[PDB]
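S.K.: Handing over upload.cif, mmCIF, C-alpha atoms and all ligand atoms.
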```
data_protein
#
loop_
_atom_site.label_atom_id
_atom_site.label_comp_id
_atom_site.auth_asym_id
_atom_site.auth_seq_id
_atom_site.Cartn_x
_atom_site.Cartn_y
_atom_site.Cartn_z
CA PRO H 1 79.18 103.74 108.66
CA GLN H 2 81.76 106.38 109.44
CA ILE H 3 85.24 106.14 107.94
CA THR H 4 88.08 108.21 109.38
CA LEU H 5 90.97 109.40 107.26
CA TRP H 6 93.93 108.34 109.41
CA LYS H 7 94.58 105.77 106.71
CA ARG H 8 93.52 105.44 103.08
CA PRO H 9 89.74 104.90 103.07
CA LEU H 10 89.86 101.51 101.36
CA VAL H 11 86.72 99.40 101.25
CA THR H 12 85.51 96.24 99.56
CA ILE H 13 83.59 96.59 96.29
CA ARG H 14 81.89 94.03 94.08
CA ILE H 15 81.80 94.29 90.30
CA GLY H 16 80.96 91.61 87.80
CA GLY H 17 81.87 88.70 89.99
CA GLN H 18 85.00 89.82 91.66
CA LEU H 19 85.43 91.46 95.03
CA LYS H 20 88.09 94.18 94.97
CA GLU H 21 89.52 96.78 97.36
CA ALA H 22 88.88 100.39 96.33
CA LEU H 23 89.56 103.92 97.56
CA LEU H 24 86.63 106.19 98.46
CA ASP H 25 87.83 109.26 96.66
CA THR H 26 85.98 112.55 97.06
CA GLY H 27 88.58 114.26 94.88
CA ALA H 28 87.72 112.03 91.92
CA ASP H 29 84.91 113.09 89.56
CA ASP H 30 84.86 109.60 88.07
CA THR H 31 85.33 105.99 89.07
CA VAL H 32 88.49 104.33 87.75
CA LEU H 33 89.23 100.65 88.12
CA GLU H 34 92.42 98.69 87.60
CA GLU H 35 92.73 96.85 84.30
CA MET H 36 90.03 94.20 84.05
CA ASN H 37 88.39 92.57 81.06
CA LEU H 38 84.74 93.67 81.46
CA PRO H 39 82.16 92.52 78.90
CA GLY H 40 80.21 94.81 76.62
CA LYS H 41 80.75 97.99 74.67
CA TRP H 42 83.00 100.81 75.78
CA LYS H 43 84.35 104.14 74.52
CA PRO H 44 87.91 105.47 74.63
CA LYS H 45 88.50 108.33 77.05
CA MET H 46 91.34 110.36 78.48
CA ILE H 47 91.38 111.32 82.15
CA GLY H 48 93.86 113.64 83.87
CA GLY H 49 95.43 113.19 87.28
CA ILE H 50 98.43 114.71 89.00
CA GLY H 51 100.97 113.21 86.57
CA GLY H 52 99.05 114.00 83.39
CA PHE H 53 96.52 112.02 81.39
CA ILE H 54 96.00 108.32 80.88
CA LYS H 55 93.93 106.35 78.41
CA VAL H 56 90.93 104.46 79.75
CA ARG H 57 87.94 102.46 78.56
CA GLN H 58 84.57 103.92 79.55
CA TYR H 59 81.84 101.35 80.38
CA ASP H 60 78.33 102.57 81.17
CA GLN H 61 75.60 101.34 83.52
CA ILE H 62 77.86 98.85 85.27
CA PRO H 63 76.48 97.61 88.59
CA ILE H 64 78.93 97.96 91.46
CA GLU H 65 78.36 97.33 95.17
CA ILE H 66 80.36 99.55 97.51
CA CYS H 67 80.63 98.40 101.13
CA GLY H 68 77.32 96.56 100.57
CA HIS H 69 75.55 99.56 99.02
CA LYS H 70 74.35 99.05 95.47
CA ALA H 71 75.25 101.52 92.78
CA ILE H 72 75.19 101.55 89.03
CA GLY H 73 76.93 103.86 86.62
CA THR H 74 79.91 104.69 84.50
CA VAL H 75 83.20 102.99 85.28
CA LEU H 76 86.51 103.76 83.63
CA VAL H 77 89.04 100.98 83.23
CA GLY H 78 92.75 101.45 82.73
CA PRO H 79 96.24 101.39 84.21
CA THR H 80 95.60 102.90 87.62
CA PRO H 81 97.56 101.47 90.58
CA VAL H 82 94.49 101.80 92.78
CA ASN H 83 90.77 101.17 92.27
CA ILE H 84 89.08 104.56 92.71
CA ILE H 85 85.46 105.19 93.69
CA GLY H 86 84.62 108.71 92.56
CA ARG H 87 81.75 111.10 93.14
CA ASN H 88 79.57 109.61 90.41
CA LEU H 89 79.08 106.52 92.61
CA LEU H 90 79.69 108.04 96.09
CA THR H 91 76.56 110.14 95.64
CA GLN H 92 74.53 107.00 94.89
CA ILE H 93 75.42 105.49 98.24
CA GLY H 94 74.65 108.71 100.14
CA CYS H 95 78.24 109.45 101.09
CA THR H 96 79.06 112.82 102.63
CA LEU H 97 82.07 114.56 104.15
CA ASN H 98 81.57 115.78 107.67
CA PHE H 99 83.57 118.03 109.98
CA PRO X 1 79.50 121.18 107.88
CA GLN X 2 78.07 118.19 106.07
CA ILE X 3 79.10 118.25 102.42
CA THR X 4 77.47 116.21 99.69
CA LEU X 5 79.21 115.12 96.53
CA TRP X 6 76.99 116.00 93.55
CA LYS X 7 79.44 118.87 93.04
CA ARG X 8 83.17 118.98 93.71
CA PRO X 9 83.75 119.54 97.48
CA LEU X 10 85.46 122.89 97.04
CA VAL X 11 85.97 125.16 100.04
CA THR X 12 87.78 128.41 100.78
CA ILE X 13 91.08 128.15 102.59
CA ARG X 14 93.36 130.83 104.00
CA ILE X 15 97.11 130.32 103.86
CA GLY X 16 100.08 132.67 104.21
CA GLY X 17 97.38 135.34 104.62
CA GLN X 18 95.71 134.66 101.23
CA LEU X 19 92.30 133.14 100.25
CA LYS X 20 92.16 130.21 97.82
CA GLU X 21 89.64 127.58 96.71
CA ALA X 22 90.62 123.99 97.46
CA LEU X 23 89.30 120.49 97.01
CA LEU X 24 88.61 118.25 100.01
CA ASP X 25 90.08 114.96 98.74
CA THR X 26 89.89 111.72 100.73
CA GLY X 27 91.84 110.00 97.94
CA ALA X 28 94.90 112.20 98.49
CA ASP X 29 97.49 111.17 101.10
CA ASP X 30 98.95 114.67 101.00
CA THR X 31 98.05 118.32 100.53
CA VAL X 32 99.16 119.79 97.19
CA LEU X 33 98.74 123.46 96.30
CA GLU X 34 99.19 125.27 92.99
CA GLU X 35 102.47 127.09 92.57
CA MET X 36 102.70 129.94 95.08
CA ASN X 37 105.17 131.59 97.41
CA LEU X 38 105.34 130.35 101.01
CA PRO X 39 107.78 131.51 103.69
CA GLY X 40 110.57 129.36 105.06
CA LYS X 41 112.65 126.38 104.04
CA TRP X 42 111.41 123.72 101.68
CA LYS X 43 112.73 120.39 100.46
CA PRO X 44 112.42 118.91 96.98
CA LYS X 45 110.07 115.91 96.88
CA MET X 46 108.32 113.75 94.33
CA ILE X 47 104.65 112.74 94.43
CA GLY X 48 102.68 110.33 92.23
CA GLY X 49 99.11 109.77 91.07
CA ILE X 50 97.24 108.96 87.90
CA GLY X 51 99.43 109.92 84.97
CA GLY X 52 102.63 109.61 86.96
CA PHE X 53 105.04 111.58 89.12
CA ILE X 54 105.76 115.28 89.56
CA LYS X 55 108.30 117.35 91.44
CA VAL X 56 106.98 119.46 94.31
CA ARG X 57 108.35 121.68 97.07
CA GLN X 58 107.69 120.35 100.58
CA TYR X 59 106.93 122.93 103.26
CA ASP X 60 106.53 121.62 106.80
CA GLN X 61 104.45 122.94 109.72
CA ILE X 62 102.45 125.46 107.64
CA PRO X 63 99.26 126.91 109.13
CA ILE X 64 96.15 126.66 106.92
CA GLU X 65 92.55 127.54 107.79
CA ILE X 66 90.19 125.22 105.97
CA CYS X 67 86.58 126.27 105.87
CA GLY X 68 87.08 127.93 109.29
CA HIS X 69 89.03 125.05 110.90
CA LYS X 70 92.71 125.35 111.76
CA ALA X 71 95.41 122.93 110.63
CA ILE X 72 99.21 123.13 110.78
CA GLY X 73 101.08 120.65 108.65
CA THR X 74 102.90 119.65 105.54
CA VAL X 75 101.99 121.42 102.32
CA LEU X 76 103.39 120.45 98.93
CA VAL X 77 103.57 123.09 96.20
CA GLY X 78 103.75 122.17 92.54
CA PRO X 79 101.95 121.83 89.20
CA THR X 80 98.24 121.01 89.76
CA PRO X 81 94.97 122.26 88.19
CA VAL X 82 93.50 122.27 91.65
CA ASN X 83 94.50 123.12 95.20
CA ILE X 84 94.11 119.83 97.03
CA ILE X 85 93.53 119.20 100.72
CA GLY X 86 94.58 115.64 101.52
CA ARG X 87 94.24 113.35 104.50
CA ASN X 88 97.19 114.80 106.40
CA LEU X 89 95.14 117.97 106.97
CA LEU X 90 91.61 116.50 106.72
CA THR X 91 92.41 114.45 109.81
CA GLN X 92 93.52 117.59 111.70
CA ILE X 93 90.10 119.20 111.12
CA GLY X 94 88.23 116.05 112.12
CA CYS X 95 86.86 115.25 108.68
CA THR X 96 85.23 111.85 108.14
CA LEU X 97 83.32 110.05 105.41
CA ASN X 98 79.80 108.96 106.25
CA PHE X 99 77.10 106.95 104.48
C1 LIG H 101 97.06 114.59 94.97
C2 LIG H 101 97.98 113.41 95.27
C3 LIG H 101 99.16 113.39 94.30
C4 LIG H 101 98.52 113.53 96.69
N1 LIG H 101 97.23 112.17 95.16
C5 LIG H 101 96.50 111.80 94.11
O1 LIG H 101 96.38 112.45 93.06
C6 LIG H 101 95.84 110.46 94.27
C7 LIG H 101 96.74 109.46 93.55
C8 LIG H 101 96.22 108.05 93.78
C9 LIG H 101 97.11 107.01 93.11
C10 LIG H 101 96.98 107.02 91.59
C11 LIG H 101 95.52 106.91 91.15
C12 LIG H 101 94.67 108.00 91.79
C13 LIG H 101 94.78 107.95 93.30
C14 LIG H 101 93.91 109.03 93.96
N2 LIG H 101 94.49 110.35 93.71
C15 LIG H 101 93.62 111.36 94.33
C16 LIG H 101 92.47 111.72 93.38
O2 LIG H 101 91.41 112.29 94.15
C17 LIG H 101 92.89 112.73 92.30
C18 LIG H 101 93.09 114.14 92.89
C19 LIG H 101 93.16 115.20 91.81
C20 LIG H 101 92.07 116.04 91.59
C21 LIG H 101 92.13 117.01 90.60
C22 LIG H 101 93.28 117.15 89.83
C23 LIG H 101 94.38 116.33 90.07
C24 LIG H 101 94.31 115.35 91.05
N3 LIG H 101 91.79 112.76 91.32
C25 LIG H 101 91.98 112.55 90.01
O3 LIG H 101 93.09 112.40 89.51
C26 LIG H 101 90.74 112.60 89.13
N4 LIG H 101 90.67 113.87 88.43
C27 LIG H 101 89.60 114.65 88.61
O4 LIG H 101 88.67 114.35 89.36
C28 LIG H 101 89.56 115.95 87.85
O5 LIG H 101 90.88 116.36 87.52
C29 LIG H 101 91.12 117.58 86.94
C30 LIG H 101 90.36 118.70 87.29
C31 LIG H 101 90.63 119.91 86.67
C32 LIG H 101 91.65 120.00 85.73
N5 LIG H 101 92.37 118.91 85.42
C33 LIG H 101 92.13 117.72 86.00
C34 LIG H 101 90.63 111.39 88.17
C35 LIG H 101 90.94 110.13 88.98
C36 LIG H 101 91.61 111.52 86.99
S1 LIG H 101 89.03 111.15 87.51
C37 LIG H 101 88.74 112.47 86.29
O6 LIG H 101 88.09 111.33 88.61
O7 LIG H 101 89.13 109.91 86.75
#
```
Take the structure in the file and give it back as structure tokens.
M.R.:
Amino acid sequence: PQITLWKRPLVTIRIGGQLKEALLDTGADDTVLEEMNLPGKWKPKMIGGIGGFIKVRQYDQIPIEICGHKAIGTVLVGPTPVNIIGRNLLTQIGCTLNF
Amino acid sequence: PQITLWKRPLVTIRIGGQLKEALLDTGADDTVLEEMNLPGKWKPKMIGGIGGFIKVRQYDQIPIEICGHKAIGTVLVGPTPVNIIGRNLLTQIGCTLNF
């Protein structure tokens, strides 16, 4: 599909068993999800956005379907207002910018 | 161009006569540049992301050339590690996401 940028490019994702709305975010190196209690091991991490840094939990090799396209990789979980799909997963679904 | 996402989507922009590198960010509502001088009036504004809110200076109707494509719009100037081109200007240059 093609997604214009008139509005926030929000799409439906699936992770664990839980559809969510998430932002396709070319300016994000990583994928950051709103607080959720995912199973399995994780590592503490700091990530920095416009306001400064926040603490997150890094989970690896988590399957996540984005607009029906399967991906699997690292997801960071913490107090973000918005679910973010970053480049680590956008590449897996063959997403490009075009102009 | 078509731009893939295995690296940060950085491009050269020209603004107020000067060349800068900037990040094409579909996650950003707005365009935020590192501290710099720009001509004309500005208004204080606040903007928020991961890690919270910052103060910026809002300049309206500013010409920027982004990877060879012209835009004229709102540019915020404030503390960021990265010049950011957000949707307000990505739309002007006809940028879409595709997968
Ligand atoms: C720029 C503006 C203020 C207008 N909007 C945003 O920041 C919105 C805020 C949104 C609401 C809050 C959650 C994040 C979303 C998306 N987010 C856009 C994301 O694409 C932002 C845009 C951004 C990019 C680089 C530096 C700062 C910010 N991405 C991130 O915050 C991301 N940061 C980076 O990708 C790398 O950041 C650097 C780079 C170099 C030095 N220091 C930090 C990230 C989400 C923290 S991460 C590392 O991908 O988890």
S.K.: Hey, could you make a per-residue contact list for chain X against chain H with 9 Å as the cut-off, showing the nearest pair of atoms and its distance in Å to one decimal, counting only C-alpha atoms, sorted by chain and number, as JSON lines?
M.R.:
```
{"residue": "X:1", "atom": "CA", "partner": "H:99", "partner_atom": "CA", "distance": 5.6}
{"residue": "X:2", "atom": "CA", "partner": "H:98", "partner_atom": "CA", "distance": 4.5}
{"residue": "X:3", "atom": "CA", "partner": "H:97", "partner_atom": "CA", "distance": 5.0}
{"residue": "X:4", "atom": "CA", "partner": "H:96", "partner_atom": "CA", "distance": 4.8}
{"residue": "X:5", "atom": "CA", "partner": "H:91", "partner_atom": "CA", "distance": 5.7}
{"residue": "X:6", "atom": "CA", "partner": "H:91", "partner_atom": "CA", "distance": 6.2}
{"residue": "X:7", "atom": "CA", "partner": "H:87", "partner_atom": "CA", "distance": 8.1}
{"residue": "X:8", "atom": "CA", "partner": "H:27", "partner_atom": "CA", "distance": 7.3}
{"residue": "X:9", "atom": "CA", "partner": "H:26", "partner_atom": "CA", "distance": 7.3}
{"residue": "X:23", "atom": "CA", "partner": "H:27", "partner_atom": "CA", "distance": 6.6}
{"residue": "X:24", "atom": "CA", "partner": "H:27", "partner_atom": "CA", "distance": 6.5}
{"residue": "X:25", "atom": "CA", "partner": "H:27", "partner_atom": "CA", "distance": 4.2}
{"residue": "X:26", "atom": "CA", "partner": "H:25", "partner_atom": "CA", "distance": 5.2}
{"residue": "X:27", "atom": "CA", "partner": "H:25", "partner_atom": "CA", "distance": 4.3}
{"residue": "X:28", "atom": "CA", "partner": "H:27", "partner_atom": "CA", "distance": 7.6}
{"residue": "X:29", "atom": "CA", "partner": "H:8", "partner_atom": "CA", "distance": 7.2}
{"residue": "X:47", "atom": "CA", "partner": "H:50", "partner_atom": "CA", "distance": 8.5}
{"residue": "X:48", "atom": "CA", "partner": "H:51", "partner_atom": "CA", "distance": 6.6}
{"residue": "X:49", "atom": "CA", "partner": "H:50", "partner_atom": "CA", "distance": 5.4}
{"residue": "X:50", "atom": "CA", "partner": "H:49", "partner_atom": "CA", "distance": 4.6}
{"residue": "X:51", "atom": "CA", "partner": "H:51", "partner_atom": "CA", "distance": 4.0}
{"residue": "X:52", "atom": "CA", "partner": "H:51", "partner_atom": "CA", "distance": 4.0}
{"residue": "X:53", "atom": "CA", "partner": "H:51", "partner_atom": "CA", "distance": 5.1}
{"residue": "X:54", "atom": "CA", "partner": "H:51", "partner_atom": "CA", "distance": 6.0}
{"residue": "X:69", "atom": "CA", "partner": "H:99", "partner_atom": "CA", "distance": 8.9}
{"residue": "X:79", "atom": "CA", "partner": "H:50", "partner_atom": "CA", "distance": 7.9}
{"residue": "X:80", "atom": "CA", "partner": "H:50", "partner_atom": "CA", "distance": 6.3}
{"residue": "X:81", "atom": "CA", "partner": "H:50", "partner_atom": "CA", "distance": 8.3}
{"residue": "X:84", "atom": "CA", "partner": "H:27", "partner_atom": "CA", "distance": 8.1}
{"residue": "X:87", "atom": "CA", "partner": "H:5", "partner_atom": "CA", "distance": 5.8}
{"residue": "X:88", "atom": "CA", "partner": "H:6", "partner_atom": "CA", "distance": 7.8}
{"residue": "X:90", "atom": "CA", "partner": "H:5", "partner_atom": "CA", "distance": 7.1}
{"residue": "X:91", "atom": "CA", "partner": "H:5", "partner_atom": "CA", "distance": 5.8}
{"residue": "X:93", "atom": "CA", "partner": "H:99", "partner_atom": "CA", "distance": 6.7}
{"residue": "X:94", "atom": "CA", "partner": "H:99", "partner_atom": "CA", "distance": 5.5}
{"residue": "X:95", "atom": "CA", "partner": "H:99", "partner_atom": "CA", "distance": 4.5}
{"residue": "X:96", "atom": "CA", "partner": "H:4", "partner_atom": "CA", "distance": 4.8}
{"residue": "X:97", "atom": "CA", "partner": "H:97", "partner_atom": "CA", "distance": 4.8}
{"residue": "X:98", "atom": "CA", "partner": "H:2", "partner_atom": "CA", "distance": 4.5}
{"residue": "X:99", "atom": "CA", "partner": "H:95", "partner_atom": "CA", "distance": 4.4}
```
S.K.: Which polymer residues have any atom within 8 Å of an atom of residue 13 of chain H, counting only C-alpha atoms, with same-chain residues fewer than 6 positions away left out, as a VMD selection string?
M.R.: chain H and resid 19 to 22 64 to 68
S.K.: Go through X:83, X:37, X:18, X:12 and flag the residue nearest ligand LIG 101 (chain H), using only C-alpha atoms and all ligand atoms for the distances.
M.R.: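 That would be X:83, the residue with the smallest distance to ligand LIG 101 (chain H).
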S.K.: So, with all atoms listed in the file as the atoms that count, which of H:71, H:15, H:62, H:56 lies closest to ligand LIG 101 (chain H)?
M.R.: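 Checking each candidate against ligand LIG 101 (chain H), we get H:56 as the closest.
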S.K.: So what do you get for atom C3 of ligand LIG 101 (chain H) versus atom CA of residue 74 of chain H, distance-wise?
M.R.: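 So the two atoms, atom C3 of ligand LIG 101 (chain H) and atom CA of residue 74 of chain H, lie 23.3 Å apart.
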S.K.: Return the single residue from X:17, X:34, X:44, X:61 that is closest to ligand LIG 101 (chain H), with distances computed using only C-alpha atoms and all ligand atoms.
M.R.: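 Ranked by minimum distance to ligand LIG 101 (chain H), first place goes to X:34.
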S.K.: Nearest to ligand LIG 101 (chain H) among X:73, X:31, X:11, X:46, with distances taken over all atoms listed in the file: which residue is it?
M.R.: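 That would be X:31, the residue with the smallest distance to ligand LIG 101 (chain H).
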S.K.: Taking only C-alpha atoms and all ligand atoms into account, which of H:58, H:30, H:77, H:42 comes nearest ligand LIG 101 (chain H)?
M.R.: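 Of all the options, H:30 lies closest to ligand LIG 101 (chain H).
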S.K.: Which residue out of H:16, H:70, H:33, H:59 has the minimum interatomic distance to ligand LIG 101 (chain H) when only C-alpha atoms and all ligand atoms are used?
M.R.: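 Nearest candidate to ligand LIG 101 (chain H) out of H:16, H:70, H:33, H:59: H:33.
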S.K.: Let me have the centre and edge lengths in Å, one decimal, of the box along x, y and z around every listed atom of ligand LIG 101 (chain H) with 4 Å of margin on each side, as lines of an AutoDock Vina configuration file.
M.R.:
```
center_x = 93.6
center_y = 113.5
center_z = 91.1
size_x = 19.1
size_y = 21.1
size_z = 19.3
```
S.K.: What is the atom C36 of ligand LIG 101 (chain H) to atom CA of residue 35 of chain X distance in Å?
M.R.: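 Computed distance, atom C36 of ligand LIG 101 (chain H) to atom CA of residue 35 of chain X, equals 19.8 Å.
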S.K.: In Å to one decimal, how far is atom CA of residue 78 of chain H from atom CA of residue 36 of chain H?
M.R.: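 If I compute the distance from atom CA of residue 36 of chain H to atom CA of residue 78 of chain H, I get 7.9 Å.
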